[PDB]
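Now for the letters of each chain:
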Amino acid sequence: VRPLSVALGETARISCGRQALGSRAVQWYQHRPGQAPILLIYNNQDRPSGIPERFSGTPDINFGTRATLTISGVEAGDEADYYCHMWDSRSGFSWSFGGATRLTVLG
Amino acid sequence: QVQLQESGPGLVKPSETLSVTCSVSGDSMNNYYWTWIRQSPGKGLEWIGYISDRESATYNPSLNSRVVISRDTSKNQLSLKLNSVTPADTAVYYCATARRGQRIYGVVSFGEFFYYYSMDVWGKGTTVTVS
Amino acid sequence: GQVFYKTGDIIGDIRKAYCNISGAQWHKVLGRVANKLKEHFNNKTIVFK
Ligand SMILES: *[C@@H]1O[C@H](CO)[C@@H](O[C@@H]2O[C@H](CO)[C@@H](O[C@@H]3O[C@H](CO[C@H]4O[C@H](CO[C@H]5O[C@H](CO)[C@@H](O)[C@H](O)[C@@H]5O[C@H]5O[C@H](CO)[C@@H](O)[C@H](O)[C@@H]5O)[C@@H](O)[C@H](O[C@H]5O[C@H](CO)[C@@H](O)[C@H](O)[C@@H]5O)[C@@H]4O)[C@@H](O)[C@H](O[C@H]4O[C@H](CO)[C@@H](O)[C@H](O)[C@@H]4O[C@H]4O[C@H](CO)[C@@H](O)[C@H](O)[C@@H]4O[C@H]4O[C@H](CO)[C@@H](O)[C@H](O)[C@@H]4O)[C@@H]3O)[C@H](O)[C@H]2NC(C)=O)[C@H](O)[C@H]1NC(C)=O
Ligand SMILES: *[C@@H]1O[C@H](CO)[C@@H](O[C@@H]2O[C@H](CO)[C@@H](O)[C@H](O)[C@H]2NC(C)=O)[C@H](O)[C@H]1NC(C)=O
Ligand SMILES: *[C@@H]1O[C@H](CO)[C@@H](O)[C@H](O)[C@H]1NC(C)=O
Ligand SMILES: *[C@@H]1O[C@H](CO)[C@@H](O)[C@H](O)[C@H]1NC(C)=O
């Protein structure tokens, strides 16, 4: 539980700390405090439904590259947490949801 | 569309059977699987049992493998039979969607594919606490 | 001066070795081989085990 991320609306691009091993099927998530959240991507490429194209994910070609998520134009949804749910072959059934990125902001 | 509505008793005495249900409206039979999530005690997302379409059991080892959960689809409910409750698992339960995807990176006939899941729509949840 | 090379951990995904055979061409060649063996073997039914 390490305080982390970015604040005050200057944007950046975050990547979870898990090393790319085997084959990665990552699903980014938009946390929603108190109610239902929404997944950002599945299959690392295919957009679920009506999502703006600033939420793209890195391709899994030429294995060795990191999983990076690009963001800009943030709402309170982006101000909420990001999670890196990685699906890998050799790790087996990955139970852990991934590291939590809590955006702490003070004007 | 998928509509969620949690129905939990809220207050239950320790070491007794539990029954918590959620609702999904206008949905098919085997289109997608069913799961449950818990953000309770204000922590990272924690996984709880996800039953299949055929009433199976393969659940998170990280609780005790303790809670027997929903299968029934009489009209619309998902009933959670939790026995021998403890204050350590006082939580609000969210009724979410479970679906299974498949990714292949080699020879399919060699048994090399793995199974990955995706959770699209989550529930609202009703606060349930032990006395 | 004795340097011994050993297999380390397989980085990336793990895969098993295989060989690919063109099914149609292989079956045609095997059929021709069986046909040419039949004359040498009194036109008996050639079976491969
Ligand atoms: C000896 O003979 C053997 C024969 O037995 C032979 O075995 C073969 O070995 C090779 C490897 O050596 C295997 O190749 C792999 O094949 C995988 C499967 O390829 C097919 O499927 C994918 C996925 O498509 C599904 O999803 C898309 C998007 O959602 C849908 O549009 C599809 O319809 C499909 O969805 C169906 O299936 C779902 C699951 O069941 C269902 O839920 C769904 O409802 C649908 O029914 C396709 O993308 C593939 O298309 C490609 O190939 C065709 C034909 O050439 C092209 O026309 C097309 O343009 C594409 O190029 C194909 O249809 C591949 O997934 C796998 O490749 C992945 O990994 C490599 C790295 O290793 C990447 O470079 C590659 O890009 C793939 O990564 C993509 O997918 C992952 C996971 O999904 C993503 O995380 C990642 O970001 C990436 O996505 C991006 O790239 C995609 C590529 O197009 C793109 O579509 C995406 O949109 C995105 O941009 C790998 O190539 C092969 O399977 C074996 N065959 C058999 C039968 O076993 C052996 O090689 C022979 N030996 C020798 C020496 O010759
Ligand atoms: C065989 O077993 C040894 C010992 O369990 C492995 O060596 C460990 O490797 C991990 C990372 O690969 C290190 O973090 C440990 O410190 C190592 N321990 C020791 C005692 O060396 C070795 O990796 C295993 N072989 C393979 C191929 O995984
Ligand atoms: C083997 O490779 C050659 C060329 O690389 C290709 O023409 C042939 O179809 C391959 N064999 C099989 C069985 O796919
Ligand atoms: C095998 O060859 C002989 C000589 O050509 C022929 O008479 C015979 O019919 C052949 N056998 C069969 C089963 O056709």
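Method-wise, the PDB entry is recorded as coming from cryo-EM, at a reported resolution of 3.16 Å.

Many structure descriptions define interface size as the accessible area lost when the parts assemble. Chain C puts six residues into the contact, and the matching count from chain B is five residues. Among the residues chain C hides against chain B, the three largest losses belong to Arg15, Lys16 and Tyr18 of chain C. Together they make up 75% of the total. Counting every contact that joins chain C to chain B gives zero salt bridges. Remark: the boundary between chain C and chain B carries one residue pair in polar contact.

Here we come to the site of ligand 1. Near ligand 1, the surroundings consist of 15 residues, among which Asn43 and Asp46 of chain A, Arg103 of chain B together with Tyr18 and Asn20 of chain C are the closest. At the site occupied by ligand 1, the surrounding residues belong to chains A, B and C. Contacts to ligand 1 include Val108 of chain B, whose backbone N or O atom sits 3.2 Å from an oxygen atom. When isolated, ligand 1 has an accessible area of 1800 Å², and the protein chains bury 36% of it. Partitioning the shell around ligand 1 into residue classes produces five nonpolar, six polar and four charged.

Here the focus is the environment of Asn62 of chain A. Residues and elements named next belong to chain A. Relative to the assigned elements, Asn62 resides in the loop between β2 (38-39) and α1 (76-79). Given the relative accessible area of 66%, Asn62 is considered exposed. C-alpha of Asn62 to C-alpha of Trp28: the two residues are 34 residues apart in sequence and 21 Å apart in space.

With a phi close to 40°, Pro41 of chain B is a non-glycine residue in the positive phi region. Following the sequence through the fold, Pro41 of chain B ends up in the loop between β4 (33-38) and β5 (46-48). Within the chain, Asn43 of chain C stands out as a residue other than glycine whose phi angle is a positive 45°. On the secondary structure map, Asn43 of chain C appears in the segment after α1 (23-40). What makes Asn43 of chain C exposed here is its relative accessible area of 59%.

Before going further, it helps to examine the sheet that holds strand β1 (residues 25-30) of chain A. An order of β2-β1-β3-β4 (chain A) is seen for the four strands of this open sheet, with the pairing classed as antiparallel. One side of each edge strand has no neighbouring strand; the edge strands of this open sheet are β2 and β4 (100-101) of chain A.

This brings us to the pattern of salt bridges. A full pass over the atoms with the stated rule returns six salt bridges over all chains. With a shortest N-O distance of 3.8 Å, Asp60 of chain A and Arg24 of chain A are connected by a salt bridge. Placement of the pair is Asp60 of chain A in the loop between β2 and α1 and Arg24 of chain A in the segment before β1, with a sequence separation of 36 residues. Taking the relative accessible area as the measure of exposure, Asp60 of chain A reaches 27% and is therefore partly exposed. In this structure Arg24 of chain A comes out as buried when scored by relative accessible area, which is 2%. The partner of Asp13 of chain C in a salt bridge is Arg15 of chain C, with the nearest N and O atoms 3.8 Å apart. Its relative accessible area of 43% is what places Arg15 of chain C among the partly exposed residues. In the salt-bridge network here, residues are joined through shared partners; they are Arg24 and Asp60 of chain A together with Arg103 of chain B.

Cut-offs used in this document
The residue numbers shown here are sequential, starting from 1 for each chain in the order of its written sequence. They can differ from the numbering used in the entry, and residues that have no coordinates are not displayed. All chains are assigned letters beginning at A, and all ligands numbers beginning at 1, according to the order in which they are written. The full assembly is larger than what is shown, and all values describe the shown chains rather than the whole. The basis for the side-chain values is all heavy atoms of the structure; hydrogens and waters are excluded. A contact between two residues is defined here by any heavy atoms of the two lying within 4.5 Å. By buried area we mean the combined loss of accessible area, with a 1.4 Å probe, across both parts when two parts are placed together. For this document, the term salt bridge refers to a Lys or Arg side-chain nitrogen within 4 Å of an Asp or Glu carboxyl oxygen. Two N or O atoms form a polar contact when they lie within 3.5 Å of each other; inside protein one atom must be a possible hydrogen donor and the other a possible acceptor, and for residues adjacent in sequence the pair counts only when both atoms belong to side chains. Neighbouring residues are identified by heavy atoms, a residue being near a molecule or strand if any of them is within 4 Å of it. In this description, accessible areas are obtained by the Shrake-Rupley approach with a 1.4 Å probe, and a residue is regarded as covered only by the protein chains that are shown. Residues are sorted three ways: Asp, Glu, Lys and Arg are charged, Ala, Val, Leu, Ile, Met, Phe, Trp, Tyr, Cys and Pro are nonpolar, and all the rest, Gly among them, are polar. Numbering goes from the N terminus for both helices and strands, where a helix is a DSSP run of H or I of at least four residues and a strand is a run of E of at least two. Three exposure classes are used, based on accessible area relative to the maximum for each residue type with a 1.4 Å probe and protein chains only: buried under 20%, partly exposed in between, and exposed over 50%. The rule for pairing is simple: two strands pair if DSSP sees at least two bridges between them.

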